[PDB]
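Engineer: One structure follows; several queries about it will come next.
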Amino acid sequence: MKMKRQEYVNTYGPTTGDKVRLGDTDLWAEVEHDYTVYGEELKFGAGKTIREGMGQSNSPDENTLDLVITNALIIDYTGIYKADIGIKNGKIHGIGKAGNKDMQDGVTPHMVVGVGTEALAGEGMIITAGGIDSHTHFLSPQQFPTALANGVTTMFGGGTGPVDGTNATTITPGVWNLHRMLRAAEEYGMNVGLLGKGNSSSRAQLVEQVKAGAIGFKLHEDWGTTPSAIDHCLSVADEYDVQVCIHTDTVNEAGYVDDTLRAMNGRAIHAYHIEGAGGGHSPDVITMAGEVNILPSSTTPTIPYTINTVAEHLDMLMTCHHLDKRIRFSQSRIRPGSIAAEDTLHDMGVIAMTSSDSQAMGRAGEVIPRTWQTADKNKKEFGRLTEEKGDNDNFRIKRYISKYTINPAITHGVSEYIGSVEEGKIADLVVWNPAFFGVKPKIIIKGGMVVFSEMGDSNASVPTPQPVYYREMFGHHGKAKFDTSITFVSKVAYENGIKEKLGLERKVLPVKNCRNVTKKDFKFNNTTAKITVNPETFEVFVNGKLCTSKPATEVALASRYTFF
Amino acid sequence: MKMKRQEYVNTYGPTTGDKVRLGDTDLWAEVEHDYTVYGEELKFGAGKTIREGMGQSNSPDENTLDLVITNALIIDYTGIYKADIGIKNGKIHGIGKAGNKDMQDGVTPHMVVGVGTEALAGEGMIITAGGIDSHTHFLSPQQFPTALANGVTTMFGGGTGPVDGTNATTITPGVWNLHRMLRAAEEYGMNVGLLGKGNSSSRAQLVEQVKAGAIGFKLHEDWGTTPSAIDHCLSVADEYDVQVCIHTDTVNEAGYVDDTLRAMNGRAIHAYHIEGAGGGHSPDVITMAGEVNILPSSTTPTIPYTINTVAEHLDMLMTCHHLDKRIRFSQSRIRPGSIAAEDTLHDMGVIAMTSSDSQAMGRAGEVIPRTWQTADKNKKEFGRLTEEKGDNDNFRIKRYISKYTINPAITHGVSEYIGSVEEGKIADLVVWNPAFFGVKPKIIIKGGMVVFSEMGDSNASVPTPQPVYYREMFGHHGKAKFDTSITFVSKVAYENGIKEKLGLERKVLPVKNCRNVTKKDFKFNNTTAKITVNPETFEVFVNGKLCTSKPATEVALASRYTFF
Amino acid sequence: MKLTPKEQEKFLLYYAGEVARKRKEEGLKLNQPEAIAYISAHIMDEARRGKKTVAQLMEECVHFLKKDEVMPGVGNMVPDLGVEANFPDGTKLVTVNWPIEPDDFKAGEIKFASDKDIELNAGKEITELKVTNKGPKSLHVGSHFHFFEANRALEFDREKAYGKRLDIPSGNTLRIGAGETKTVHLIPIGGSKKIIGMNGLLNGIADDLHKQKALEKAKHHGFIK
Amino acid sequence: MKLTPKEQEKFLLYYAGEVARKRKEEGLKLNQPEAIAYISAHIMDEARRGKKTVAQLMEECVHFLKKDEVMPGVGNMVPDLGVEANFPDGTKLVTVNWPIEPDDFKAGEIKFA
Ligand SMILES: [Fe+3]
Ligand SMILES: [Fe+3]
Ligand SMILES: [Fe+3]
Ligand SMILES: [Fe+3]
């Protein structure tokens, strides 16, 4: 039977060829393929499809799903398509067509909707992987709800709380502090991974930290990012398969950018705040982004480049670093050049990741909005990518989503567990209403359970009455949080029973394959170039051509959605 | 090189001979000594001291600190001096000069700043021990954040919750209720110790309670504080090395004050609200404070004596005790004499401790402010103490700080673990900004970790943006709270495995040396005298001289700091 | 509405600002939290109107409250104020230096023992040395960095800087601009002079015995030309 | 600001008082929680002005709301009210006996046998 196109879309969401506007941006996601059989679509409700002996099977099956996300529009590096998502044992069991092979055609064999299946209507919603924020300062436990409310499910970084060392660096230093923090982590719904102090010219002190559970090291200048410490840190990371993150020598005390790059010696390193305002060799830190071994990321305050970016920084630097009021400027000439370039470099796929720098020159609940604000800004400036095939922004979308999902996962050695909407991975997913895509999520699923969501009046006759605000769900509570949350550790710690030894009840998993990740390993952001900075004009150049962008006067996913 | 005095003080805080105004009071703390070597001071930051192979050692050491509090101004009974504080294994490892002996002169040998060391800038801050509130009514779990927000880290007392018995008395009665409360305690960041019902003329019922984990007993008139009860209770406390706290027979039913004192028989006892508005033999309970065996404390509502103290009480007594509106007065003639004397007795070192009486005729988050308000009031009325040496209030400061830190610790048998800023003790410390000293703390450290602090916007690019309010930190969460918090018990309970038997995950420590603490054992408040009350005028006399004070029309650490 | 935990915080801040405004209208001198909330609410209002820049607001809010509009000591208690607000271009941090005009009263006031200067690194032998930053970019060198191991862009008699550091306040840095020439004051490193790390030119005690080896490593690595 | 959990509570109480004031101005008869918040906010205001004593306020607030200004039974339901507020001399408890004038309606009334 023939169904009117408008009626189909209202009932089941968009199909092949339909274009969805992401929020209030000018980015259009086109449905590349639909895995359904028209007439066999699953709908939940009274007299609907998912019912005993109809859409829901009465035949027992080894693949009876625990949850079915019906008619989802997946947005992932793997593709922008329409499919039913099946969760089982807190993992993505299957992606395709769910239902009952007894009564329906074209059912994906391992996607059985049965007696034990829960239903979640994804018709007309966008489903994405949970974001990974690889630059977290563990300064305040209040960052976690803010992060979840913005689609972030995993946070890598360091800290002890609101102590000077943490206020400046992503470091949980030494055995005792690492043990304390890993035990503190039990409280939360957020997946965590801690970095120890990398700034050492002695092996013993670095090794102690990996064995204490660290997922890597952070080399920060406040602790001395000298070539000796760069070499010693990377040597230990190479031995123990852990990641290294870097905040370079801003003042050029022990050498220039090339001296730091030489110390690294082509070894894998996550270069934090690649632009330089967050810190690093003045004025040429950005030049590192061109190198194959350098895994670069951006922090939130500089992306997207706005008419207030420079003004905000010329004071935000003084509160964070605690500088004299006698100091006025240098940053007024250096900063515009690199902040403008940064946006372009993201669009070119030169900068592979987005991070926060939470409460230490950056915003906790801004990674996802700011990534899409930049994508939108660039689409508005540079136009539709030439890489696109059709009247859509799919390639650009895939490039940008990879920045906070898959690419941080690859960098930190957790790509096998999380990072993307793929069969076999842990079910850390975010459900979005297209009108609120990238700004306000609907449901946060972690380990196959809803952990956080937008919820109305607790007394109310339905879940919709006002005030609708973000609240913790069952998956975030009791002993169920131990089932839905992961504390990542090094292989050495994992293999030596850190879980048992520290009495951690959370899922403990090792980080692996950190050392041989280069730019080539990323998804949609594998671009290498010859990046240069004029030491007089501070202008950034990609392959001899000036790399710049215009500052935005207004941004998408902002003014329409927020009260304050 | 010659550094301008103002520039030195801005960079490192005050040095030897400098005077610091405590909050908005007229109390001046003079730096008695500085443990630094001028030019070798530790500073954390980019290009600063604490860096790899410089201020931070590259040489492994058995004494590598877990945390360094650089350039702190310690205010403690032990002295008012300038030093670096070193934390290791959640204990005060050392006090002196921290750093790297490889590159620096005059480093304290067991104060090594290394790879595993976290930094906390104490330059220009006052560091004090965490306060001990020995008069807690466990009424509401909401008292705990209020207490921490006011620099209190340990709470002794009793209760079951919002029930009449607790509402009135600090008593967790019997085995079952004690077990239940000790298990409820697991939730919190606060150190706890519970008192059972001392009002018994039978041994068995008292013994059961000590064996159930009680740190002592509370004899309260609501359960009848008769001479028989007083003797039986102290006899058991003497056998089991536990403390006894007392609210005496207000209505002199079984005898007068001298009859109660006789029943005690020179045995150690903690006399709550010694002034008598909070309860006790009318009108002479204050006369007990002169006795050597009596360890006296004050409750917050009567200290300092203000123009609204009497008016507030002649009604606050009617809501707490639930009295008929037919009852008008006696308290109007008795009360001014004793409330006025109370302030002077504190200044004289006659009353050794200050407590709260929390939600049961006293305020939870007022112990610390009210102690300093009284110190300030007296200084303003009676002038600088004759005991002072130099243009400072150091002796008065030491006398007052001891009231809520060391003296409660000595009384309750926990002076070996907590109560003062001393090497070997548990790292329960409070960081204060001098402009907010005694009214609003900055950071609360418990067991070497930050548990509570003033924190700004969770989304914010730095930790300073508004609204800045008190929040729980990592040390207060997960399994880290079990590492940073102590549940004190009796030796009998401790030695009989109460921890294992009740499945308590918190640090369980026994109270010891309660029975042989007299007035002589206190710090700066060892004063004994012949205290008499005129039964006609209600005037208080110390060795025949009228003991009084004028009521305050305004107090320090109040109006300037609070919204409501 | 989908109110984020940060939006819930801002409501309290804004309400506190509204209460403070009411009290000022009553003619009351505002206290520390009232003054902060009053200025914060103004910033939040102007940001919503989206007609002023962050730069404009930072300037506009200096002495937004005058000394007689607040209680004594309030201005000195609040030397700077920070408030994040959503502008048409997104959330931006508004940093105000001296939002409240100060007076003669200072809570937490420090009174010096003497106005006399503090002699840092007393008794250490000063070595005067001419240094030139021959590099294209400016650089800084910290108080405790082994001067001998400084960026190879710096041109000086390295032999004379062996086992020494800058005679400057602990934690301070000395700037040498691109092309700039300066006379530095060096003092011998404290403690044992066990120099481990930085550029790895020494990695041991800075004695006479290690000196030739260190000078050879410095030359080989390009520090000594 | 350094807002203590007790200061956060007082903002809610004060806002509830402000909403109650608005409703009274609209000519609505206040209910049990509205009446309590209306009187509480008055006490909090007078304390900040720091011109009245606790003794003065305890007296001033008796029948602060009249029987016709509130719904029936409201006065009987609130026989006493307590509100802690910061005065120039510190935080003090303001205890009001019969803050709302009673009417002959009594919710939860006990009628003797
Ligand atoms: Fe950084
Ligand atoms: Fe950072
Ligand atoms: Fe009592
Ligand atoms: Fe009591």
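Please note that chains go A, B, ... in the order of the structure tokens, that every chain numbers its residues from 1, and that ligands are numbered from 1 in the order shown.
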Leaving out segment 13-17 of chain D and any residue of its chain fewer than 5 positions from it, which residues lie within 6 Å of it when counting only C-alpha atoms, given as number ranges by chain?
Structural biologist: D: 37-38, 41
Engineer: Residues of chain A that approach chain C to 8 Å or less, counting only C-alpha atoms: could you list each one with the shortest pair of atoms and its distance in Å to one decimal, rows by chain and increasing residue number, as CSV?
Structural biologist:
residue,atom,partner,partner_atom,distance
A:145,CA,C:5,CA,7.0
A:146,CA,C:5,CA,6.1
A:149,CA,C:4,CA,6.4
A:200,CA,C:197,CA,7.9
A:201,CA,C:197,CA,5.2
A:226,CA,C:198,CA,5.2
A:227,CA,C:199,CA,5.9
A:228,CA,C:198,CA,5.3
A:229,CA,C:197,CA,6.9
A:251,CA,C:139,CA,5.1
A:252,CA,C:139,CA,5.1
A:253,CA,C:141,CA,5.2
A:254,CA,C:151,CA,4.6
A:255,CA,C:151,CA,4.4
A:256,CA,C:151,CA,7.4
A:282,CA,C:137,CA,7.9
A:283,CA,C:137,CA,7.9
A:306,CA,C:89,CA,6.3
A:307,CA,C:89,CA,7.6
A:308,CA,C:54,CA,6.0
A:309,CA,C:92,CA,7.8
A:311,CA,C:55,CA,5.6
A:312,CA,C:93,CA,5.8
A:315,CA,C:95,CA,6.3
A:316,CA,C:95,CA,7.2
A:440,CA,C:2,CA,7.1
A:454,CA,C:2,CA,5.9
A:455,CA,C:2,CA,7.8
A:466,CA,C:1,CA,7.5
A:467,CA,C:1,CA,6.7
A:468,CA,C:2,CA,5.1
A:469,CA,C:3,CA,4.3
A:470,CA,C:4,CA,5.9
A:535,CA,C:137,CA,6.7
A:552,CA,C:89,CA,6.7
A:553,CA,C:89,CA,5.7
A:554,CA,C:89,CA,4.0
A:555,CA,C:89,CA,4.7
A:558,CA,C:90,CA,5.6
A:559,CA,C:88,CA,5.8
A:562,CA,C:86,CA,7.6
A:563,CA,C:7,CA,6.9
A:564,CA,C:86,CA,5.6
Engineer: 8 Å from ligand 1 is the threshold here; counting only C-alpha atoms and all ligand atoms, which polymer residues fall inside it? Answer as a PyMOL selection string.
Structural biologist: chain A and resi 168-170+220+246-247+272-273+278-280+357+360-361
Engineer: Selected residues, C-alpha atoms, written as a PDB file, in the first residue's frame, please.
Structural biologist:
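New file result04.pdb:
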ATOM      1  CA  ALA A 168      46.967  24.345  36.061  1.00  0.00           C
ATOM      2  CA  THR A 169      47.818  20.722  35.054  1.00  0.00           C
ATOM      3  CA  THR A 170      45.879  17.410  34.164  1.00  0.00           C
ATOM      4  CA  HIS A 220      53.025  20.258  31.700  1.00  0.00           C
ATOM      5  CA  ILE A 246      51.874  17.706  26.275  1.00  0.00           C
ATOM      6  CA  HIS A 247      51.693  21.380  27.340  1.00  0.00           C
ATOM      7  CA  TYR A 272      47.007  19.481  23.981  1.00  0.00           C
ATOM      8  CA  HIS A 273      45.707  22.979  22.939  1.00  0.00           C
ATOM      9  CA  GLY A 278      45.944  27.375  26.482  1.00  0.00           C
ATOM     10  CA  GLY A 279      49.783  27.231  26.575  1.00  0.00           C
ATOM     11  CA  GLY A 280      52.851  26.221  24.615  1.00  0.00           C
ATOM     12  CA  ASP A 357      40.439  22.039  29.503  1.00  0.00           C
ATOM     13  CA  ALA A 360      41.595  25.395  33.745  1.00  0.00           C
ATOM     14  CA  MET A 361      41.138  27.711  30.652  1.00  0.00           C
TER      15      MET A 361
END
Engineer: With 12 Å as the limit and counting only C-alpha atoms, what residues in chain C lie close to chain D? Please list them as JSON, numbers by chain.
Structural biologist: {"C": [9, 11, 12, 13, 14, 15, 16, 17, 18, 19, 20, 22, 23, 24, 26, 27, 28, 29, 30, 31, 32, 33, 34, 35, 36, 37, 38, 39, 40, 74, 77, 78, 81, 82, 83]}
Engineer: Could you work out which residues of chain A fall inside 8 Å of chain B? Count only C-alpha atoms, and format the result as a PyMOL selection string.
Structural biologist: chain A and resi 140-143+146+160-165+167-168+172-177+180-181+183-188+197+199-202+204-206+221-225+229+251+301+316+319-321+357-366
Engineer: Could you list the residues in chain D lying within 8 Å of chain B, using only C-alpha atoms, and format the result as a ChimeraX atom specification?
Structural biologist: /D:1-7,10,44,48,53-55,85-95
Engineer: Going by DSSP on the backbone, which bits of segment 246-393 of chain B are helix (DSSP H, G or I)? Write them as a PyMOL selection string, please.
Structural biologist: chain B and resi 257-264+285-290+300-302+309-320+331-347+367-382
Engineer: Can you tell me, as number ranges by chain, what residues are no more than 7 Å from residue 350 of chain A when counting only C-alpha atoms, ignoring any on the same chain fewer than 6 positions away?
Structural biologist: A: 289-290, 525-528
Engineer: Please produce a file of those selected residues containing C-alpha atoms, as a PDB file, in the first residue's frame.
Structural biologist:
ATOM      1  CA  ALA A 289      50.039  19.982  14.012  1.00  0.00           C
ATOM      2  CA  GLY A 290      51.603  19.313  10.588  1.00  0.00           C
ATOM      3  CA  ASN A 525      41.284  13.952  10.207  1.00  0.00           C
ATOM      4  CA  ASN A 526      44.497  12.383   8.755  1.00  0.00           C
ATOM      5  CA  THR A 527      45.791  15.638   7.151  1.00  0.00           C
ATOM      6  CA  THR A 528      49.534  16.406   7.404  1.00  0.00           C
TER       7      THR A 528
END
Engineer: So which one's closest to residue 40 of chain D, D:72, D:21, D:110, D:77? Using only C-alpha atoms, please.
Structural biologist: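 Of all the options, D:21 lies closest to residue 40 of chain D.
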Engineer: Please give the complete set of residues from chain D that DSSP, run on the backbone, assigns to strand (DSSP E), formatted as a list in words.
Structural biologist: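 DSSP-assigned strand (DSSP E) residues in chain D: residues 80, 81, 82, 83, 84, 85, 86, 87, 90, 91, 92, 93, 94, 95, 96 and 97 of chain D.
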Engineer: Please report the interatomic distance between atom CA of residue 537 of chain A and atom CA of residue 184 of chain C in Å with one decimal.
Structural biologist: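 Between atom CA of residue 537 of chain A and atom CA of residue 184 of chain C the gap works out to 29.3 Å.
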Engineer: Please list as a ChimeraX atom specification every residue within 7 Å of residue 77 of chain B, counting only C-alpha atoms and excluding residues in the same chain fewer than 2 positions away.
Structural biologist: /B:79,398,401-402,523
